[PDB]
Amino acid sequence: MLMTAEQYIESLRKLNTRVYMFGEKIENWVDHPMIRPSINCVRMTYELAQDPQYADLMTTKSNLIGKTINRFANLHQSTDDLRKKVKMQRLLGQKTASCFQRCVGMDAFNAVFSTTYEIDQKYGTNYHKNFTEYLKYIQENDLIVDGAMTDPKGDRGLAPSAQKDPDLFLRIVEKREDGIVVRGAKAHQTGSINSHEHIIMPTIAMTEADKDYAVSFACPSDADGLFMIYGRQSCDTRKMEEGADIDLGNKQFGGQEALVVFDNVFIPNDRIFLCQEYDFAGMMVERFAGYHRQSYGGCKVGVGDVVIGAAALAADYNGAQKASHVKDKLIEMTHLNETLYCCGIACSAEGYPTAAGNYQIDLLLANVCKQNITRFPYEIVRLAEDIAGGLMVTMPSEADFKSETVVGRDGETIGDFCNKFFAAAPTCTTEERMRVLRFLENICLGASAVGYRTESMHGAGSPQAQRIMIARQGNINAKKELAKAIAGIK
């Protein structure tokens, strides 16, 4: 089955998830103003799959369980599937202008499926079967599964087994006959609080001495010992203001991060996908990161469509839409944004099947996609700020625009003065103009700048991470031989 958005929300209310914020446990986190935006954002992935206008792109027949499923849970069977994933992601970014979270499950399912096949090939284990039966259950129930890779990591100069505190990468602390017990944490986890399950993977290649840190598994979000500590966001507490609407920029949607703590969690044998086979952890890292780097050529481009649209609208509202330099800046934003799309589509079109059978992207081209993602969203935002003008960051509050407090000589109110002085071109009301300038404030400096700017920098790895792999994947010694041939060198 496929759940409606409404059924998705009701299922969360039945979970026993432990959520903490500002030193207190949140009992009704589903309705909490600082969390519900991220829930509305992933709820869109259920909603569009219910719409016939998008059902073909949003859903597909599973080859695993022979029924229709959301495309966010499918195993790629061709390069056409790789391209549709990117187009689906561009659609959701246009619809939400934020992080809609579900891509990490999709990308972890494909990386774990393929990696578990080759682990078993070598060691005679049964991880691939563990994973395959687990994905059947997710596909049967339309559940959200949080992919979690990045540990807190401690001292960046040392290996996992060289740290002063051995808990700073997640690790196995006991092997039982029926399961394992793990201890540690995963940081920066967008959407973890509103997931049904979590799938964990190691963050880096592992040597033999690091073998207890070579662990992968899946578990319910309310598993014994598991809890979450919310992470703050720029402008987060504006959502706690009574009547908050215009000053939010994006009232309906958002994405939020949490620290996920595993305080000695027991994993049964059939949920384990990796257990001390240190030589396959870097494979898991490479393939998950690769799919996530591909993903940004869809989601960031969709969000960039909305930023471009809001800057263009602001120029109309201000009255400056005919100026040549404003038109030229909008072309530049379009050009950079579509270059990102080109990298996402190209790494899809040049993909190939893994030994397990499912399709994977061209890893060099996905690395080039991500490297551009660390640069162009920042410039798209800078050009948006130019076009908008200074009022996007100096505007009085919404409470002031609606205030009936009298302040003028002839009985004029604060609200009267605000609506009068911030009027502009005849094509908008003052409130319409303020709404689009707050949308820009929110994604240029506010809660959504966290995703569009800083997650673009570090998501699926900081820039140096891709540069190291681009050098290895660049074939430079083969290129030196091309130069010898042209220059006349034997």
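Note that residue numbering begins at 1 and tracks the sequence as displayed.
*Higher-B stretch (mean Cα B-factor, as the entry records it), 307-315 or 409-417*: Higher of the two, by average CA B-factor, is 409-417.
*Which is higher in the entry, the mean Cα B factor of 252-260 or that of 317-325?*
Mean CA B-factor is higher for 252-260.
_Candidate residues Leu226, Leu336, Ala111, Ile345, the one whose C-alpha B factor the record puts highest_ = The C-alpha B-factor peaks, among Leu226, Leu336, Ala111, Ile345, at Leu226.
*Going by the entry, which of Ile65, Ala423, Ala447, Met44 has the most elevated CA B factor?*
Top of the list by C-alpha B-factor: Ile65.
*Relative to the other modelled residues of the same chain, rank the CA B-factor of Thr394 and answer lowest, middle or highest third.*
For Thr394, whose C-alpha B-factor we compare with every modelled residue in the chain, the answer is the middle third.
*Within-chain third of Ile489 by Cα B-factor, per the entry*: Middle third.
*If you rank every modelled residue in this chain by C-alpha B factor, which third holds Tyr352: lowest, middle or highest?*
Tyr352: CA B-factor falls in the lowest third of its chain.
*If you rank every modelled residue in this chain by C-alpha B factor, which third holds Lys402: lowest, middle or highest?*
Ranked within chain, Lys402 CA B lands in the highest tercile.
*Once the chain's modelled residues are ordered by C-alpha B factor and cut into thirds, is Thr237 in the lowest, middle or highest one?*
As the PDB entry reports it, the C-alpha B-factor of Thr237 lands in the middle third of its chain.
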